[PDB]
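Novice: I have a structure here, written as structure tokens, and I will follow up with some questions on it.
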Amino acid sequence: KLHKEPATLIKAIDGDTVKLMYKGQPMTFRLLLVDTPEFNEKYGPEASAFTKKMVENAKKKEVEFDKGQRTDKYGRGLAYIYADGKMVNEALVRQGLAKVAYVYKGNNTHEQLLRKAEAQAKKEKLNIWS
Ligand SMILES: Cc1cn([C@H]2C[C@H](OP(=O)(O)O)[C@@H](COP(=O)(O)O)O2)c(=O)[nH]c1=O
Ligand SMILES: [Ca+2]
């Protein structure tokens, strides 16, 4: 309750940040509840590429704010991002390309969903968990 919103993509940045045109400012958005490696750390180039293609290839790009703060202290948007109905945040965790991270109580609606995904990635020893 939680609603999605069309997202306009300027460019993918790395595993867990993307640049959107949001009411027609260029704005970095940071993915809620996850942490990908930096572009120059192990699985960093893979996380970047996964997010990039996932959002680029989607006909329908959406942003969904949580119930709490919509920007962080750095002025980045904080959201879940969906590509043709699939959550990027979740897909990264499921593939072992992001850890569940930065879980704040104002903004934690999809926590249990991402922890389930993380547990599957862990069990499978996938990427980060290898
Ligand atoms: C994901 C997320 C990060 N942050 C902050 C925490 C970290 O701040 P500090 O810089 O003070 O440690 C930083 C991590 O982002 P990155 O993982 O993009 O570097 O962004 C939030 O404030 N809210 C959030 O929802
Ligand atoms: Ca990161």
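Novice: Which value, in Å³ per residue, describes the convex hull spanned by the Cα atoms of the chain?
Specialist: 98
Novice: Could you tell me the relative contact order of segment 1-105? Use alpha-carbon pairs under 8 Å, at least six residues apart, and round to a whole percent.
Specialist: After rounding, I find 31 percent.
Novice: Note the angle between two axes, namely the Cα long axis of helix 44-56 and the longest principal axis of the Cα atoms of the chain, as a number of degrees from 0 to 90, rounded to the nearest 10.
Specialist: 40
Novice: For the residue pair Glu38 and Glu5, what label-to-label distance in nm results when each label sits 7 Å from Cα along the Cα-to-beta-carbon direction?
Specialist: Distance between the two pseudo-spin positions: 3.0 nm.
Novice: Could I ask something else about it? Considering only the other residues whose Cβ falls under 12 Å of the Cβ of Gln120, what net charge follows from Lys and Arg at +1 and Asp and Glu at -1?
Specialist: +3
Novice: Let me ask something else. Under the rule of -39500 (n - 2.57) per DSSP H run of 4 or more residues, summed and divided by the residues of the chain, what mean residue ellipticity at 222 nm is obtained, to the nearest 500 deg cm²/dmol? Could the numbers behind the result be given before it?
Specialist: Numbers: 3 runs with 33 residues, N = 130.
Helix contribution divided over all residues of the chain: -7500 deg cm²/dmol.
Novice: Between the helical axis of 111-123 and the dominant principal axis of the chain, each derived from Cα atoms, what acute angle in degrees is found, rounded to the nearest 10?
Specialist: 30
Please note: Cβ atoms are built from the backbone with ideal geometry, for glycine as well, and neighbour counts cover all protein chains shown. Coordinate-derived values only; no laboratory data.
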